[PDB]
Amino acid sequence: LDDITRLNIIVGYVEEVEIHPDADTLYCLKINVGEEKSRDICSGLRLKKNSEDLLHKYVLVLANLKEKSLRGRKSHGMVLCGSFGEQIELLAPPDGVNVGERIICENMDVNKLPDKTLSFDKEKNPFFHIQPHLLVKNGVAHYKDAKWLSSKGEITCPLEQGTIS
């Protein structure tokens, strides 16, 4: 359960930001994560972020959550962020990353595949057990003491300290 190899965290390009008709606080995002079709992912950043803040960014998607249907709108995956006090910012890959690349920690075995699919029950979903150990420390993202890595270097967050959701 507390095993980060089980998460499939991948970089996507946010193609489109739209507001959710029936959800006051959700943007409806279209995010290319290397698949044949770009995915539809909801995000609860409507009250703390403007559209151009998200549009055309490279983001980190937890890809292996199961598709859900919120308020008429499908949402498959979620976009990862740093949070401190009242601020929330996106986690960012340095530029040059490819849609679809798996973001891994230091000393992690790339052959340790992530779960095909994570549970619907929060309590049986590695992510929420792992989450308390997911932090930004000095503007970098960490699992525990091990930094998150992309093909072009460590994952950054504009916040100095913070927690990952």
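Counting begins at 1, following the sequence as shown.
Averaged over their C-alpha atoms, the temperature factors of 44-52 and 26-34 are higher for 44-52. Here the stretch with the larger average CA B-factor, out of 119-127 and 60-68, is 119-127. Within the selection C105, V97, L135, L113, the deposited Cα B-factor values reach their highest point at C105. Ranked within its chain, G85 lands in the highest third, by CA B factor from the PDB record.
Compared with the other modelled residues of the chain, the Cα B-factor recorded for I19 ranks in the highest third. When the CA B factors of the chain's modelled residues are split into thirds, the value for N8 lands in the lowest one.
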